[PDB]
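Virtual Cβ from ideal backbone geometry, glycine too; neighbours counted across all protein chains shown. Taken together, the values in this text are just the output of simple stated rules run on the coordinates, not laboratory data.
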Amino acid sequence: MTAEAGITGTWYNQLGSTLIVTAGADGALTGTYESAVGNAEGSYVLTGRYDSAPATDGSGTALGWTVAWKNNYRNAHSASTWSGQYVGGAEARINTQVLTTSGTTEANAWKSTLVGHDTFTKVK
Amino acid sequence: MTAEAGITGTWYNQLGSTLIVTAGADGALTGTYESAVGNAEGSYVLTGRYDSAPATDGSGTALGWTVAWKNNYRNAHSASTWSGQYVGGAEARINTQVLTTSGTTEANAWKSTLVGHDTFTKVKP
C-alpha cells in the first residue's frame, strides 16, 4: 500500500471533474466527487473499494467506486460506477471505465446505461 | 452443427427484435436487423464477422456485428455493435453485449454510448 498512500488525495479527470478520496488500510474508499459535466452541481458522496494488499511487479491496483447523483442541490436519478486501476509513479493515473445508469421505465430499460472512459491524474 | 450452419437464420431477442443473418464460410456475417425499440422502422443492413473455425472443446463461437440505424425509412444518427458468442444445441443462443453510439457534440461526448445485454434465441419470446 504505497497504494493507500498513492490513491489518497485529489484527482482530476479529462473533463475537469474533481475526485477527493481517502483510501483505508483495509480496502475502503470514501470521499467526494464534483462533476464538470451533466446534471451536476456541488459535490456528491463517493464510496468504493480497492485491493489493499496489491501486487508488486509493475502492475496496477484494482479499484472501483460509486456516486449517486443526488445531493442537497440536485437529484439526477442516476448513479455512476467507475472501475479501473491505480498506476503509481511520477505520472500517477487512475484509468477507469464508467457506467452511468438512470432510473427508467421497463420500456426504456435498453437506454438506461451509458458507458464511458475516465482518466484521472494528480495535476489539473 | 458447424458454426456456419448454426448461426445462419433468424434470431429473436428479449425485446422482440429480429435478426436475419447468413454466416459465410470464411467468417462473414451479412443480413438485416429489425428493432422492436427506439427510433427504428423496417429493416437495417447488418454486417459482421465470426470465428469460422471455432474451438471444439465445448466453447461458444465468438462473433460480432454492426447496424447503423439508418435505412430508407429513418436515420437515428446512431450505430449499434453486438459482441458475443454463439452457443449451439437444442437451446441455441447468441449471448451478446451491445453498444449503441449516437453522434454528439464534443460537450455531449460523455453520454454518446449506451451499453446493454441482448440474448438471442431461435424461437419467438
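Over chain A, with a Gaussian network built from C-alpha contacts below 10 Å, which listed residue (A:75, A:108, A:13) shows the highest mean-square fluctuation?
Answer for the Gaussian network model of chain A: A:108.
Counting only other chains, and only Cβ atoms inside 10 Å, what mean value do you get across the residues of A:64-73? Mind showing how you got there, number by number?
Numbers: counts 0, 0, 0, 0, 0, 0, 0, 0, 0, 0.
Across A:64-73, the average partner-chain Cβ count within 10 Å equals 0.
Local charge sum around residue B:3 (other residues, Cβ-Cβ under 15 Å, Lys/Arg +1, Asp/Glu -1)?
Working: positive: B:49, B:93, B:122; negative: B:4, B:26, B:51, B:57.
Once all neighbours under 15 Å are counted, the net charge is -1.
Please compute the Kirkwood hydrodynamic radius of region A:39-84 from all pairs of different C-alpha atoms, in Å with one decimal.
Details: mean 1/r = 0.0812 Å⁻¹.
12.3 Å is the Kirkwood radius here.
Mean separation of Cα pairs under 8 Å and 6+ residues apart, divided by the residue count of chain A: what relative contact order is that in percent? Kindly include the intermediate steps, with their values, before the conclusion.
On the way: 284 pairs, mean separation 24.6, N = 124.
Once normalised by length, the contact order is 20 percent.
Test of understanding: express the Cα radius of gyration of the protein assembly as shown as a ratio to 2.2 N^0.38 Å, with N the residue count. Write out the running numbers ahead of the final one.
Details: Rg = 21.5 Å, N = 249, 2.2 N^0.38 = 17.9 Å.
Taking N as the residue count of the protein assembly as shown, the ratio is 1.20.
Which value in nm describes the separation of the simple spin-label points at residue B:49 and residue A:97, placed 7 Å from the Cα toward the beta carbon?
1.9
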